[PDB]
Structures are given as C-alpha cells and as structure tokens.
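Here's the structure, in structure tokens; my notes come after.
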2 protein chains.
Amino acid sequence: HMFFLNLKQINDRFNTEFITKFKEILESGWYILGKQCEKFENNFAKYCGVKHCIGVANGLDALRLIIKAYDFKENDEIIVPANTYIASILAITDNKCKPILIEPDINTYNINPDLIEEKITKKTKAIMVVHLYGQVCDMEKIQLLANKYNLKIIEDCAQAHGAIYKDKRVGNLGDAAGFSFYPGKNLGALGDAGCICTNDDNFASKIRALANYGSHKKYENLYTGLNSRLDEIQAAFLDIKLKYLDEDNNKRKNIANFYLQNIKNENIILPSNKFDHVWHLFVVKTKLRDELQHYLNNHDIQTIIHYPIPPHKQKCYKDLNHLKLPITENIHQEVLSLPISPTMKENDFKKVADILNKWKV
Amino acid sequence: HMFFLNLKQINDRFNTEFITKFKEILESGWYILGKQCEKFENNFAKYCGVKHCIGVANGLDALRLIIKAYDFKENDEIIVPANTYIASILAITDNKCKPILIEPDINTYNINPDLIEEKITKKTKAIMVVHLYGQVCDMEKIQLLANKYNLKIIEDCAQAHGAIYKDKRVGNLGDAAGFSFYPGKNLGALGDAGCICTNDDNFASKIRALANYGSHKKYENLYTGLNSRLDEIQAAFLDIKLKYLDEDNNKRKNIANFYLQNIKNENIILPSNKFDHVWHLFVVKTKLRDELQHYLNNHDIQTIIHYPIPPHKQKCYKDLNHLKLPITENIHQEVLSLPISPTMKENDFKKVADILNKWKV
Ligand SMILES: [Cl-]
Ligand code: NA
C-alpha cells in the first residue's frame, strides 16, 4: 500500500537528532517559551526574510491571532479565496469578521486578483491571500489594491513554506503571515505548531503578548489574549528540519516535474506552476474524480481530496450555502491529490504515473 | 538557590520512560489524534470517574471550548470567583458572555457559595467553580443552586488534579470540567496541554468536533471550530506520570502539613484547608508581602505571587476596574506562594519553615 504521505519515511532521516534534542530539553528543564523557540523563530525569520517570527500553537491560531491583533469591528470584511481550506475562513469568522469569497483562477488555483476590486466596500479591512497547494499567488495587483484601499494583506502560508515571488519569500509579501507546521505540511512538526511572521516591531510585540495570555510582563494582562505557543520540543524538531526545507521542496519539484513530463491522459488536467510552486499538494482535475480515486485505491495507491466540499457549502456556514461560486464548486467536484513528498521513492512515483496513464475511461 | 518549582526534579524520575515512549511514537509515524491520546484520555477519565475525556491544547482552551459548546447567547452571564487566575475569565469573555464576579471566602480562597444566589439573574446560564490552589470548592450548595436555577456547572480543575469532594473527584462535580496540564501543574506535560471531562455523550462528541476545526467526519465541518488538540507525545508523557499522581498528591499533603504544623509567625496566615487539598500552591498571607518575598530571596528562596493583580483590576478589563471587591483585592495584596513539590527535599522544606519562623519584620 503506497501512502498518500508517509510521515515516518519523511522523519526517519532525523531520528537521532530528534532524540538528542529531546534529551537536551530534558536536561534543560525548560519546556515552554525557551531557547529552542527563540532559536527556531530567529532561523525561520531569516528563512522568510522577515524581521520577526512568533511561534504559536498551530496555523489556524496564527491567522486568528493576526486578525485579532488588528482589532477590526464586528462584520468588518476580509477578502479571501473561495477555494481555500476551511481553516482560512474559520480564522476570519472567529474574529466576527465577514469572509468575502472570491473565485480562483483555474490556471493557478489561487484567488483571481482581477476579481477582488469589485467586492471591496467601506467595510473591507483586509485581503487574506492563500498560496494554495504550494504555489505563490500573483501579488502585484493585490498589493496595489491594498495600497489604494488602505487594506492589510494577510498571507496564509500553510501550504507554501519557502515559495518565492520576485525578490521575496512567502511570509514577507504582505503585512503579516500565518504558517502551519502541522506534521503533513512542507515543514512539519511532530505535533501541532505554527508561527506568525511580520516586519512591524509593534505588531510583533502585540502578537507575542496576545499569544501569551495577553501579557508582556509577569502578572500583568494588557490584552485579552490566548494561550497559543510553540512547545520547545516542537521548535527543536522544526529547527533541525528547517535546514533541509529548500532541499525537500526541490525534491518535490523533481517529482512534480516527473508527473508533468510523464502523465499523459486526456481525462486528467495537470497542475501548472506559473510562479514558484513548492508542491505541498499535486492536484489533478477530472470529471471522473471519484472513479479515479477508486481506481488508484484498487492499484494500492492512496489519494486524498483537497477538497471535496468548499467552505461556503459546509453545514457550519449555512448562511453562505446559497452563494454561487461555480469555478470553486467545479474544482471541488473534480480535484484529487497525488502522492508526493520529499522522500518519495522513484519506483513509487513511476508507478503512479504508469497507472494514471493506464486509466482508460 | 531554592527554586520555586524544580521541574527537572519532578520529571527526572520518568526520563527513561519518556524516551521509550517518544521512540515508540516515532516508530508509529502518527503524532496527532492517535492511540496515545486515546489511552491517556481513557485513563484520565477513569481517574476522574467520568465517562469521557477529550484531550485539548491547553486548559484555557478547555474552558473556552466548554462554554462554546453550550452555545449561550451574547451577554449571557456566567458566575465565577473573582480571585481566580485570569484564564478562567478569558474563557468567559472570549465567548462573549458576561462574567459575574463573586467574592471568595477569606478562609478558603474559593468562591463563597453563600454569595452566589443574590447575583443570579434571568441571564445566568452557568456557574464556573474553581478549585483554587488545589482545594476543592464546597460543592453541595452550588449543585443545589444550579439545579434550582437550571444552570450548568463548569469546573476549572487546572489547580486540583485528583482532589475529592465527598464521594467524587474534581472533574466529576459538575456538568463539564476543564483541566490544564501545563508543565508546572500537579500533572504536568512537557508542553502545553489540557483536557475536558464530562459524563455527557453528546457534549463529549460536540467538544471533539469543536476542537478539530468543527469536523466530526473527514471533509465536513458541522461547527465553526478551532484547532485544540493534545499531541500524541504529550498524552504519552502524561499517561506515564498519571500512574503516580495520587502518590505524588499525598506526598504534597505531607509537605503542606509539615508547613502548617511547623511555621509559626505572627505576621503569617497559613492556608489551613477546609476541604480536601492537593496543594498545587501553598499560599501564605501577610500584610508585609513584598518585604517577605525579599527576605526569602535574601535567604536564597524563590517565591512567586499567585496573584498580585486580580482580573477586574487588569488593563485588559478596564470595564471591570470599577468593581469593589475588597476581599479579592486584599488577598491579591497579601498572598505569596511557598515552594512545594512531591519530590521536594526534606532539607529544603525544613529550611523554608526555619527561615520563616526566624522572620521578624
Ligand atoms: Cl483496473
Ligand atoms: Na500544542
């Protein structure tokens, strides 16, 4: 059985270092807000090319905390791609802001920048761009809109660790950026973990307070905060793995290229990489998606859908269910993710392509 | 230097097991919502005598999720002790409920049950009791009150793991209970961690979904949830230490009873317990508090204040600053915690007692 994402294969590379660092932390007696956190933050900040990184508890927390720190009014509006993972939307509604859902470009699976300005109102306060599946979104027009309309740009970078746009990295393309390090993400922890990146000194400081009980100083709560922290342990495991992230992303680039050069089936629409793509998910598109997933499972190849029900169609967002978002809807009906990971074996990726080429519907 | 809480000493007893279990989890390649979480939940449920235990990310989240799951209306009231740690109140306000702050009894530091009914209104939906410092609240009148008025009882158990009121454990004295397993708590993880305990089936299922993005099934989101999970690693660590928690609590009792029996100083009010007490914190009370903390520091003993500023006097809750809560206020001016731990050395507790006895002010 070929797994969609074999985390034991990904992480076995680092077992001895993981165990050493675990023993070190034991020796230290310090498990929360310690030297591993500081060191990982400083390294990931350098990696993204930003001044400040704040470790927090997970990627949803990361986005929720960014939005919280801005102190928007209830029902203030945040423009966001309609086809992102529901956690992007959860972060907006958690803060009692209104998600304003915008269709993706079929050629990027990212928000179509050309469709944003028409949905801007007096209540719009922010654009949340999502670098979906690993590809950076085209920022040129979004930055111009944010300047014109006094909007914040919030990046959800959970699927695109390390992706590059012009001279910069995802994480450094707007005002503040949220990352997940959920274990299955391009840089994965061994438990829940996240961070926030920004260049703004005051914002950074506010976010640190907000994620630590709203406290700058022992005893004292300046803000109504959260408990959203990155464990020393997880910070340590992340910093070991961070030294290999660009290499890991390049290994995914090699697999994606093999898929793109070798899969030739009229029933399958392959993904493109207009801008830099770190290939968190390798997403194909077909009218016979359920049939493809079943066929692949018959051939011992596990595949997962990202995603089959769009946020506006979820039961939790009943008041959005009526929205007509046909591009987003069609994508959800037709997409399927092929296995891909940095450590994936050649014989496994060749088999995936060969089996897809044999699929004759 | 005598540190207030020496977590290395606490945890060193378990290092070999921690490492064994970590490797086990590495072998599993499964770090989130797995067998370790299940096992620990099952065992902590048994320990509390409840049907259900849901591991979550921390004790503040535990309380926040509980209130969220009840789906109270905006500005619905939750009665809560005024002198608790601010997390208890954050859980209430994050949910857009109004906290109704009640004075503690000066001789228990817990909510005075006799002061609750007069503050019940048509908007009251719940009573949050806190078992402060490790002492269980006198629950009988509170349970009758909540029945009389159809209120939920929410227990904040973060300081009182394993305490017993009559025939039941804390965690099994209300409708739902929150626990922290912050490393410094009586059962502490090696990272942020928490749980919810309840006997109610629907409530436990609703909580699991709410803590997993609002998802009860793959691809679907029934609620607008958040991400509050207990890592497999931390669940395994906790399960190791749980097996010693009763033994350790009894060891804390021995040391607190040493303090109570051996400290005798006219400037110091000892925390004589009215009900069962597992002595998370050993809190003394004096008119010369800052002086005492300095004296002790001069004799190389570290103390911490739990707490110096009450929630209503915090900058994050300026709308509450006006409230006249003199018992709570006095307590905050006068309390100081002495070092206590189940592993604490005899010479060390004897020195604390000795140095306090010699203290003339
Ligand atoms: Cl076949
Ligand atoms: Na965590």
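Basis: the model, the stated rules and, where named, an outside source; nothing here is a laboratory result. Positions of Cβ are backbone-derived with ideal geometry, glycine not excepted, and every protein chain shown enters the neighbour counts.
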Original post:
Got a number for residues in the stretch A:341-361 being β-branched (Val, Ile, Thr), part of a loop (DSSP other than H, G, I, E, B) and within 16 Å of ligand 1 (Cβ to nearest atom)?
Top reply: 1
Subject >> Flag if B:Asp175 is more than 14 Å from chain A (Cβ to nearest Cβ), under 28 Å from A:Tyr213 (Cβ atoms) and of a type in the set (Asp, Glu) >> reply: yes
Subject >> Subset tally (residues that are farther than 16 Å from A:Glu220 by Cα, among the hydroxyl-bearing types (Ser, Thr, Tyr) and assigned to a helix (DSSP H, G or I)) for the stretch B:317-340 >> reply: 1
Original post:
A:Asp192: within 16 Å of ligand 2 (Cβ to nearest atom) and among the charged types (D, E, K, R), yes or no?
Top reply: yes
Original post:
Where in the stretch B:33-104 are there strands (runs of 3 or more DSSP E), lying wholly inside it, with at least 3 residues that are more than 23 Å from A:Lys218 (Cβ to Cβ), more than 14 Å from chain A (Cβ to nearest Cβ) and of a type outside the set (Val, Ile, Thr)?
Top reply: none
Original post:
Filtering the stretch A:222-235 down to residues that are touching a residue at least 12 places away in the same chain (Cβ under 8 Å), part of a loop (DSSP other than H, G, I, E, B) and more than 9 Å from ligand 2 (Cβ to nearest atom), which residue is nearest to the chain's Cα centre (by Cα)?
Top reply: A:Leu226
Original post:
Restricting to the stretch A:280-293, what's the tally of residues that are within 15 Å of ligand 1 (Cβ to nearest atom) and touching a residue at least 60 places away in the same chain (Cβ under 8 Å)?
Top reply: 3
Original post:
Among the residues of the stretch A:266-280, is any more than 14 Å from chain B (Cβ to nearest Cβ) and at positive phi?
Top reply: yes
**OP:** Kindly provide the set of residues from the stretch B:3-21 that are over 15 Å from A:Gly29 (Cα atoms) and within 27 Å of the chain's Cα centre (by Cα), ordered by number.
**Re:** B:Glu17, B:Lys21
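Yes/no matrix, rows are residues, columns are (1) touching a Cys at 6+ places or on another chain (Cβ under 8 Å); (2) among the hydroxyl-bearing types (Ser, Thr, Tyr); (3) within 14 Å of chain A (Cβ to nearest Cβ):
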| position | (1), (2), (3) |
| --- | --- |
| B:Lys206 | no, no, yes |
| B:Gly214 | yes, no, yes |
| B:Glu232 | yes, no, yes |
| B:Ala236 | no, no, yes |
| B:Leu242 | no, no, no |
| B:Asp246 | no, no, no |
**OP:** Filter the stretch A:19-28 down to the residues that are crowded, with 17+ Cβ neighbours inside 10 Å and of a type outside the set (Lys, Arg), then identify the one that is farthest from the other protein chains (Cβ to nearest Cβ).
**Re:** A:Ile25
Original post:
Considering B:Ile255, B:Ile269, which residue is under 16 Å from B:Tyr133 (Cβ atoms), over 21 Å from the mean Cα position of the chain (by Cα) and not assigned by CATH to the domain that holds B:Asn186?
Top reply: B:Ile269
Original post:
Does A:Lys243 satisfy being within 26 Å of B:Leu190 (Cα to Cα) and not aliphatic (A, V, I, L, M)?
Top reply: yes
Subject >> Leading residue by the ranking (nearest to the other protein chains (Cβ to nearest Cβ)) among those in the stretch B:309-350 that are of a type in the set (D, E, K, R) and within 23 Å of A:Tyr213 (Cα to Cα) >> reply: B:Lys315
Original post:
Within the stretch B:4-27, can one find any residue that is within 16 Å of ligand 2 (Cβ to nearest atom) and assigned by CATH to the domain that holds B:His161?
Top reply: yes
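Let's see how each residue does on (1) within 16 Å of ligand 1 (Cβ to nearest atom); (2) without any contact (Cβ under 8 Å) to a residue 12 or more places away in the chain; (3) buried (at least 18 other Cβ atoms within 10 Å of the Cβ); (4) not assigned by CATH to the domain that holds A:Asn267:
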position	(1), (2), (3), (4)
A:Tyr295	yes, no, yes, no
A:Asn298	yes, yes, no, no
A:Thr303	yes, no, yes, no
A:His312	no, no, yes, no
A:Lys315	no, yes, no, no
A:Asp319	no, yes, no, no
A:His322	no, yes, no, no
A:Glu334	no, no, yes, no
**OP:** Determine which single condition A:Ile255 fails, assuming it passes every other condition in (1) touching a residue at least 24 places away in the same chain (Cβ under 8 Å); (2) facing chain B (nearest Cβ under 10 Å).
**Re:** (2)
Original post:
Is there a residue in the stretch B:236-254 that is away from ligand 2 (no atom under 16 Å from the Cβ), part of a loop (DSSP other than H, G, I, E, B) and over 26 Å from B:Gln293 (Cα atoms)?
Top reply: yes
Subject >> Condition met for A:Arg208 (at negative phi, in contact (Cβ under 8 Å) with a residue 60 or more places away in the chain and assigned to a loop (DSSP other than H, G, I, E, B)) >> reply: no
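From A:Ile78, A:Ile86, A:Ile10, grab the single residue that is in contact with a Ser or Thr (Cβ under 7 Å, 6 or more places away or on another chain) and crowded, with 19+ Cβ neighbours inside 10 Å.
A:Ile10
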